[PDB]
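Trainee: Structure file data_24.pdb, PDB, C-alpha atoms, is pasted below:
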MODEL        1
ATOM      1  CA  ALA A 136      -9.947  -5.710   5.866  1.00  0.00           C
ATOM      2  CA  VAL A 137      -8.032  -8.164   8.018  1.00  0.00           C
ATOM      3  CA  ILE A 138      -5.183 -10.188   6.559  1.00  0.00           C
ATOM      4  CA  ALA A 139      -5.335 -13.959   6.821  1.00  0.00           C
ATOM      5  CA  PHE A 140      -3.198 -16.585   5.129  1.00  0.00           C
ATOM      6  CA  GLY A 141      -3.351 -20.294   4.392  1.00  0.00           C
ATOM      7  CA  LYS A 142      -2.112 -20.744   7.938  1.00  0.00           C
ATOM      8  CA  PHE A 143      -1.218 -17.319   9.280  1.00  0.00           C
ATOM      9  CA  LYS A 144      -3.919 -14.947  10.464  1.00  0.00           C
ATOM     10  CA  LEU A 145      -3.791 -11.197  10.962  1.00  0.00           C
ATOM     11  CA  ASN A 146      -6.319  -8.448  11.580  1.00  0.00           C
ATOM     12  CA  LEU A 147      -5.745  -4.756  12.175  1.00  0.00           C
ATOM     13  CA  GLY A 148      -9.367  -4.032  13.000  1.00  0.00           C
ATOM     14  CA  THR A 149      -8.885  -6.420  15.898  1.00  0.00           C
ATOM     15  CA  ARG A 150      -5.115  -6.131  16.068  1.00  0.00           C
ATOM     16  CA  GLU A 151      -4.827  -9.875  16.538  1.00  0.00           C
ATOM     17  CA  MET A 152      -2.417 -12.060  14.603  1.00  0.00           C
ATOM     18  CA  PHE A 153      -1.812 -15.784  14.913  1.00  0.00           C
ATOM     19  CA  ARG A 154      -0.469 -18.755  12.992  1.00  0.00           C
ATOM     20  CA  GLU A 155      -2.583 -21.883  13.260  1.00  0.00           C
ATOM     21  CA  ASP A 156      -3.954 -20.559  16.531  1.00  0.00           C
ATOM     22  CA  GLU A 157      -0.897 -19.171  18.278  1.00  0.00           C
ATOM     23  CA  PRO A 158      -2.201 -15.804  19.488  1.00  0.00           C
ATOM     24  CA  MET A 159       0.362 -13.064  18.986  1.00  0.00           C
ATOM     25  CA  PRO A 160      -0.101  -9.490  20.226  1.00  0.00           C
ATOM     26  CA  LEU A 161       0.783  -6.703  17.825  1.00  0.00           C
ATOM     27  CA  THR A 162       1.661  -3.528  19.688  1.00  0.00           C
ATOM     28  CA  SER A 163       0.874  -0.169  18.130  1.00  0.00           C
ATOM     29  CA  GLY A 164       4.420   0.145  16.846  1.00  0.00           C
ATOM     30  CA  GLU A 165       4.408  -3.347  15.381  1.00  0.00           C
ATOM     31  CA  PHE A 166       0.856  -3.308  14.071  1.00  0.00           C
ATOM     32  CA  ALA A 167       1.291   0.254  12.868  1.00  0.00           C
ATOM     33  CA  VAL A 168       4.539  -0.756  11.209  1.00  0.00           C
ATOM     34  CA  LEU A 169       3.082  -3.780   9.463  1.00  0.00           C
ATOM     35  CA  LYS A 170      -0.186  -1.981   8.820  1.00  0.00           C
ATOM     36  CA  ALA A 171       1.920   0.543   6.944  1.00  0.00           C
ATOM     37  CA  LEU A 172       3.187  -2.226   4.696  1.00  0.00           C
ATOM     38  CA  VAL A 173      -0.326  -3.626   4.509  1.00  0.00           C
ATOM     39  CA  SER A 174      -1.388  -0.093   3.658  1.00  0.00           C
ATOM     40  CA  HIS A 175       0.680  -0.038   0.489  1.00  0.00           C
ATOM     41  CA  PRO A 176       1.102  -3.425  -1.201  1.00  0.00           C
ATOM     42  CA  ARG A 177       4.062  -3.557  -3.556  1.00  0.00           C
ATOM     43  CA  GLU A 178       5.251  -0.184  -2.320  1.00  0.00           C
ATOM     44  CA  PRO A 179       8.942  -0.082  -1.375  1.00  0.00           C
ATOM     45  CA  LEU A 180       9.566   2.579   1.242  1.00  0.00           C
ATOM     46  CA  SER A 181      12.690   3.515   3.161  1.00  0.00           C
ATOM     47  CA  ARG A 182      13.128   2.394   6.751  1.00  0.00           C
ATOM     48  CA  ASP A 183      12.348   5.967   7.722  1.00  0.00           C
ATOM     49  CA  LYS A 184       9.052   6.117   5.870  1.00  0.00           C
ATOM     50  CA  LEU A 185       8.389   2.754   7.474  1.00  0.00           C
ATOM     51  CA  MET A 186       8.237   3.940  11.065  1.00  0.00           C
ATOM     52  CA  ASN A 187       7.143   7.333   9.788  1.00  0.00           C
ATOM     53  CA  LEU A 188       3.890   6.051   8.339  1.00  0.00           C
ATOM     54  CA  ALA A 189       3.304   4.046  11.495  1.00  0.00           C
ATOM     55  CA  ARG A 190       4.172   7.259  13.296  1.00  0.00           C
ATOM     56  CA  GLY A 191       0.899   9.097  12.811  1.00  0.00           C
ATOM     57  CA  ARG A 192      -1.143   9.963  15.878  1.00  0.00           C
ATOM     58  CA  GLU A 193      -1.385   6.845  18.010  1.00  0.00           C
ATOM     59  CA  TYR A 194       1.435   6.126  20.430  1.00  0.00           C
ATOM     60  CA  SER A 195       3.978   5.241  17.772  1.00  0.00           C
ATOM     61  CA  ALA A 196       6.399   8.130  18.107  1.00  0.00           C
ATOM     62  CA  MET A 197       8.961   6.558  20.408  1.00  0.00           C
ATOM     63  CA  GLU A 198       9.644   2.976  19.396  1.00  0.00           C
ATOM     64  CA  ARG A 199      12.159   3.714  16.666  1.00  0.00           C
ATOM     65  CA  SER A 200      12.634   0.196  15.352  1.00  0.00           C
ATOM     66  CA  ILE A 201      12.151  -1.249  11.887  1.00  0.00           C
ATOM     67  CA  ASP A 202      15.100  -3.515  11.185  1.00  0.00           C
ATOM     68  CA  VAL A 203      14.502  -5.291  14.473  1.00  0.00           C
ATOM     69  CA  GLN A 204      10.749  -4.962  14.115  1.00  0.00           C
ATOM     70  CA  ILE A 205      10.572  -6.131  10.519  1.00  0.00           C
ATOM     71  CA  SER A 206      12.836  -9.085  11.212  1.00  0.00           C
ATOM     72  CA  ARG A 207      10.467 -10.066  13.996  1.00  0.00           C
ATOM     73  CA  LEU A 208       7.556  -9.396  11.672  1.00  0.00           C
ATOM     74  CA  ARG A 209       9.148 -11.519   8.972  1.00  0.00           C
ATOM     75  CA  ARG A 210       9.297 -14.316  11.520  1.00  0.00           C
ATOM     76  CA  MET A 211       5.696 -14.317  12.685  1.00  0.00           C
ATOM     77  CA  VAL A 212       4.665 -14.281   9.042  1.00  0.00           C
ATOM     78  CA  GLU A 213       7.472 -16.625   8.066  1.00  0.00           C
ATOM     79  CA  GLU A 214       8.694 -19.094  10.663  1.00  0.00           C
ATOM     80  CA  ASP A 215      11.920 -18.910   8.691  1.00  0.00           C
ATOM     81  CA  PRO A 216      13.294 -15.356   8.691  1.00  0.00           C
ATOM     82  CA  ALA A 217      15.158 -16.091   5.479  1.00  0.00           C
ATOM     83  CA  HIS A 218      12.646 -17.165   2.862  1.00  0.00           C
ATOM     84  CA  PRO A 219       9.622 -14.894   3.327  1.00  0.00           C
ATOM     85  CA  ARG A 220       6.718 -14.431   0.945  1.00  0.00           C
ATOM     86  CA  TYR A 221       4.677 -11.366   1.825  1.00  0.00           C
ATOM     87  CA  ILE A 222       7.748  -9.443   2.924  1.00  0.00           C
ATOM     88  CA  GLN A 223      10.438  -8.284   0.528  1.00  0.00           C
ATOM     89  CA  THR A 224      13.055  -6.280   2.386  1.00  0.00           C
ATOM     90  CA  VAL A 225      15.086  -4.161  -0.005  1.00  0.00           C
ATOM     91  CA  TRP A 226      18.278  -2.541   1.229  1.00  0.00           C
ATOM     92  CA  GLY A 227      18.255  -0.202  -1.747  1.00  0.00           C
ATOM     93  CA  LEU A 228      14.634   0.715  -1.141  1.00  0.00           C
ATOM     94  CA  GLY A 229      13.674  -0.259   2.389  1.00  0.00           C
ATOM     95  CA  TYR A 230      10.673  -2.508   2.901  1.00  0.00           C
ATOM     96  CA  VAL A 231       8.147  -3.700   0.346  1.00  0.00           C
ATOM     97  CA  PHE A 232       5.141  -5.964   0.747  1.00  0.00           C
ATOM     98  CA  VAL A 233       4.530  -8.221  -2.230  1.00  0.00           C
ATOM     99  CA  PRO A 234       1.760 -10.734  -1.501  1.00  0.00           C
ATOM    100  CA  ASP A 235       2.072 -14.022  -3.349  1.00  0.00           C
ATOM    101  CA  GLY A 236       5.006 -12.641  -5.302  1.00  0.00           C
ATOM    102  CA  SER A 237       5.205 -10.934  -8.674  1.00  0.00           C
ATOM    103  CA  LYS A 238       8.099  -8.515  -8.989  1.00  0.00           C
ATOM    104  CA  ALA A 239      10.238  -6.991  -6.265  1.00  0.00           C
TER     105      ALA A 239
ENDMDL
END
For the structure just supplied, provide its representation as structure tokens.

Mentor:
Amino acid sequence: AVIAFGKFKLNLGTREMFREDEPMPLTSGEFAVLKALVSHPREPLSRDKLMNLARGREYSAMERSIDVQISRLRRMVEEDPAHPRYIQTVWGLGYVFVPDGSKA
């Protein structure tokens, strides 16, 4: 279902994410993008497959952005876009989502 954290809060079903209360809109592209990652936990996929997955039917076949999107996504989830937690960007791979942390 939705994805909430100790402080952060996210929900695809409602497409509403916030941290502590700060309401943040997640456009199709964004949500779809993240959703993709939230669709496959611990699954490293290339930047292409990233937007690709998000690029299904809904209006997500135009906003070709992942590096800029992810970065922004890594922020909302992690105030500090340097030391994330549920976002493990791999240059070799692409973008993996390891919740809590186990093995990149």

Trainee: Could you expand the PyMOL selection byres ((chain A and resi 202-215) around 12) into the explicit residues it covers here, written as a PyMOL selection string?

Mentor: chain A and resi 138-145+152-155+157-172+181-183+185-186+189+198-201+216-226+229-232+234

Trainee: For atom CA of residue A:238 and atom CA of residue A:178, determine how far apart the two atoms are, in Å to one decimal place.

Mentor: 11.0 Å

Trainee: Rounded to one decimal in Å, what is the spacing between atom CA of residue A:236 and atom CA of residue A:136?

Mentor: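 Straight-line distance from atom CA of residue A:236 to atom CA of residue A:136 works out to 19.9 Å.
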
Trainee: Nearest residue to residue A:147 out of A:179, A:196, A:239, A:173, using only C-alpha atoms?

Mentor: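 Among the listed residues, the smallest separation from residue A:147 belongs to A:173.
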
Trainee: Between atom CA of residue A:151 and atom CA of residue A:237, what is the distance in Å, rounded to a tenth?

Mentor: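 Rounded to one decimal, the two atoms are 27.2 Å apart.
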
Trainee: Point out the residue among A:137, A:190, A:180, A:175 with the least atom-to-atom distance to residue A:149, counting only C-alpha atoms.

Mentor: A:137
